[PDB]
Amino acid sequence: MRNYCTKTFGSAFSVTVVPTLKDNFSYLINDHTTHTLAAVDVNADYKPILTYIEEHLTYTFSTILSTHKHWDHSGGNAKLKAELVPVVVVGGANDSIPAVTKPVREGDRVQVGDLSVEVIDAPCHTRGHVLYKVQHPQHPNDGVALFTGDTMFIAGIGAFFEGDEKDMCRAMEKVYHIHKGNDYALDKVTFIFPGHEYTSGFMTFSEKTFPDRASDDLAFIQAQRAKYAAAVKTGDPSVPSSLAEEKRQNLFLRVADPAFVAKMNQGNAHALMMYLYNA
C-alpha cells in the first residue's frame, strides 16, 4: 500500500519518490528541459520505477546513481542497466559500487540532461558513501534535491557500519553548510531524499529528546511528527522534508550548530553525537 509521490522544482525538474523493498526509497529524477531521466538507489525491486514511467509518463533514461554499495541501494544497477543509452552508472569511488562506470569523489559533477549533480563525500555508514546534490544551473532558485542515502534520514542518521561519530559530525557539518555561500536562502527550497522510511522512529526520538521545552521547535517537531505519520497512514511517503525543516527537527544535523551543542550540554560535538547515537 506504499504510494509514490512527485516533488517538482519550478518548471525545471521533478523527483519521484518510488517505494521499493519493505521500507526503501528509490528515486526518479526527471529533467523537464531535455526529457532526461535518472534513477537513484536502484535495488532488486526496481520494477516499480518502470511501472511509474509506464503509467504516469520521448525520453532518454541515461543515468543511475548509487549513494552507497549496500545491496538494498545497488542490487538493481546491473539488471536495470541491461535494459536495454549508453547508461552511465555513478557511485562513490571508494565503495566499489556494482556496475559503476563513473566513480566519483568530493567536488565532482555529472550532468543529467541540463541538470547538475554535485557529489559530496560522506564516509561513515560506508567508507565510500556520497550524497548527490541536484539542481538546474540555469534555474538555481527553483531549488535543490539532496539525495542522502543512509547517511541522513528525516530527523535521523544511519548506523556507522564503516566509520565513527567523527565521520558523522563531518557529514552533518557539510549538509548544514551547503548554502553558506547564499546566506542559507536556498535552505527552504532544498529537499532531502533519504534511503528509507525511518521517519516515524526518528521523529519520536526528536520529540522525546529536544532539550528546550520553552522553544516552539518542540511544537514544530510535534506537528511535523503527526504530519508524517498521517502520510504514512495513507500510504504516502513521509519524504521529502526541506533542509530548513531538518535544521529544526533533526537533532543529529543540529550538532553542526555550536549553540545547539552548548544547549544540549552533553560535551563537545563529538561527545554529543555519541550521546544521541547511543540514545
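Note that residue numbering begins at 1 and tracks the sequence as displayed.
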Exercise. Scan the PDB entry between residue 57 and residue 58 and report the missing deposited residues as one of none, 1 to 3, 4 to 9, 10 or more.
Key: 4 to 9
Self-check item: Chain break class at residue 84/residue 85 - deposited residues not modelled
Solution: 4 to 9
Practice problem: Determine, from the deposited record, the chain-internal third of the Cα B-factor for residue 145: lowest, middle or highest. | Solution: lowest
Quiz item: Lowest, middle or highest third of the chain for the C-alpha temperature factor of residue 187?
Solution: highest
Quiz item: residue 14: which third of its chain by C-alpha temperature factor?
Solution: lowest
Self-check item: residue 162 CA temperature factor, ranked by third within the chain
Solution: highest
Self-check item: Third of the chain's Cα B-factor distribution that residue 70 belongs to, per the entry
Solution: lowest
